[PDB]
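Each chain gets a letter, A, B and so on, in the order the sequences are listed, and its residues count up from 1. Atom set for the values below is all heavy atoms of this structure, side chains included, hydrogens, waters and symmetry mates excluded.
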Amino acid sequence: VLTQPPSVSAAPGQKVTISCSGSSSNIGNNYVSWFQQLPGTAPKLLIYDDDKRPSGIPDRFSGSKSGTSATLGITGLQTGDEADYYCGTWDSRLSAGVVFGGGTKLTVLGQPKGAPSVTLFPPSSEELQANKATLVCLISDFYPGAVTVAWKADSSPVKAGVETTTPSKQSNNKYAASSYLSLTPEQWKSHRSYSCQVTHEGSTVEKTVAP
Amino acid sequence: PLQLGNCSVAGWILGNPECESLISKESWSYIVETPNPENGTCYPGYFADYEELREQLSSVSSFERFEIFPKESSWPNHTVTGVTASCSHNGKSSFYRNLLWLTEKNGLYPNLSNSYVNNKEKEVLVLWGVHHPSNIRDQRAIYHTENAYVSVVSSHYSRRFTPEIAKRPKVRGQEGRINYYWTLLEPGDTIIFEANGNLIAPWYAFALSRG
Amino acid sequence: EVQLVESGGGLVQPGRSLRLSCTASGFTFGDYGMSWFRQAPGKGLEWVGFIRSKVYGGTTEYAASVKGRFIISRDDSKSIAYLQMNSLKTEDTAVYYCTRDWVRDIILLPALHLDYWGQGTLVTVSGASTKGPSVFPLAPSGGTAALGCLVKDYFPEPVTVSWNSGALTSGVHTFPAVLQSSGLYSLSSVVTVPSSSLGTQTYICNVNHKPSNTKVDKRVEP
Ligand SMILES: *[C@@H]1O[C@H](CO)[C@@H](O[C@@H]2O[C@H](CO)[C@@H](O)[C@H](O)[C@H]2NC(C)=O)[C@H](O)[C@H]1NC(C)=O
């Protein structure tokens, strides 16, 4: 198997290179291909035959190989380039077949801070009819994906019923999140204020709903 | 009289896949060709001493085709199943029925040394080829060696071959070349093939008495 | 253009079998090799196997992970490649993709020219039973209003949420599901619209959970 740097960080407009070290069996003597895979999408062929580009790949992407290691270069760094990058090749050993690298997540630095847009829905009419009640807090469009979510019930911090996503990535390249607080319709109406305190880079947005 | 139909002397003596239905005969006065036989060297390259070969095969009193190096037994440490889309047969890729494209096996191309002894009490016609890939990345992928040598040693034929990489104009969809060489082996003489890559080894030869 | 469409994924018990399918369009299918790749959730790309074109023998190569258990075949009459999986184990759970590829000429290796991929299909090798989802509307109150749908307590993934039957990509965002203490998934979809456009028109979310054959269309009203 091939070895890649787990993470690579570079500011926009800079030269950025991803390493992919192998052996004489796989990378030394076989062709290397590079792939871009944005979060939750089919991989995209960037480079094949160690430096060739398929149709639609801009000139900013280039590949090179020297001995047992191969390298991919991205020269004009965009925020759209923030994705995962894989190196693949054939391993001529008896039955190693196609082998890949562990993957490399490229993060573009200098991206503007993004405040999280929070939406908190109360339990709906139909769900209350079903003797259940889920409060859905949605958080999206924040670039620094380091949010802290905290539920509170009439100023009291609650522990039971909270389940939270881990930050996602969408077509805005900013992160997205969601957190559900499970409760009986009774806990819903025994209080009058449930809040969704979302703290992101010190400052905290919170929304409050009500039976 | 020997009717090659729509095949050149090269395509018939090398075993072009699209000339297998040519009725073999052990004695002929001369060779009948056509204005331009459709099937010659399906893989492009220079046929060394072609005119001298056509003269040597002009008339023959004895002509037997025999397997000089058995495919399943001669190269255990090399890959033997090489085929090309240029030498196709029934719409599927194949190769010359008298040659063998040796490539790397399990990431290795060990030094080979194969001897043949002329025990036929006749002179045998032996044909082989030297592969000239179009780029170094193909040389690595096919053979896993960068500095290849090919040598042939007999009493009356001895030559060190020059497997040079060179991108040539695309002919029959190929930018690489196979240079074909041959020699007549006297009774009792021993020809020895030695290579670490790029050898199109003889599969079948021809014992002939040349009336 | 080139387009590869896959199907067949779903819930399957360990030791059972499941046949994936990958339909090709927009190119001469018989002139290309085909490869299957897989990717466990958030765990990188893996190679499953590869089938050469008929011009190069139509033979197959398989990863050591898989060789004895999966079988890859192709049907050039229908331009479809299959991934017949047998003796499935839990570690076989992954999103499976199909690709077209070149067959290198002399050495017959895959050229790794994976220029086109399918959307992938999720295969869950599990022993738990399928559970359909509950769908509840998320009613709305800048000058915008947010409405959505709550897809609750389903197993297994995936669920496909559309808005007015796949027409609305404007202002839509479906969030990743969450696994609960009960082993059941649950996600939400939300759309943003002009607030005076609420008493104006319709907004239906179309939730589709194929593992349970569930198809629900829910209306979100103020
Ligand atoms: C191919 O390589 C094998 C090595 O696995 C060679 O087999 C060995 O050859 C040596 C000397 O020739 C013997 O002493 C061993 O007993 C052989 N077997 C093993 C398992 O080592 C074989 O000779 C090679 N073939 C050719 C044509 O060179």
Residue pair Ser25(A) / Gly107(B): nearest heavy atoms and the distance that separates them: OG-CA, 4.3 Å
Contact winner vs chain A - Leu108(B), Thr145(B), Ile142(B), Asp138(B), heavy-atom pairs under 4.5 Å: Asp138(B)
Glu64(B) atom CD, neighbour heavy-atom count above 12 within 6.0 Å: yes
Whether over 12 other heavy atoms sit under 6.0 Å from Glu72(B) CD: yes
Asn26(A) versus chain B, the contacting section by heavy-atom distance below 4.5 Å: neither
Worked verdict on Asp50(A) versus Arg137(B) for salt bridge (charged side-chain N to carboxylate O under 4.0 Å, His left out): CA-CA 9 Å; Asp50(A) 299 308; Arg137(B) 291 149 151 56; 3.4 Å; yes
No-hydrogen, no-angle side-chain donor-acceptor test under 3.5 Å, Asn29(A) and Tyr109(B): no
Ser92(A) and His144(B): side chain donor to acceptor below 3.5 Å: yes
Pairs flagged by side-chain hydrogen bond (donor to acceptor under 3.5 Å, both in side chains) wherever residues 111-134 of chain A is involved - sequence neighbours left out: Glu82(A)-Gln111(A), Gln111(A)-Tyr143(A), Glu127(A)-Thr134(A)
Greater than 12 external heavy atoms within 6.0 Å of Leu109(A)'s CG: yes
NZ/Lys44(A): more than 12 non-hydrogen atoms of other groups inside 6.0 Å: no
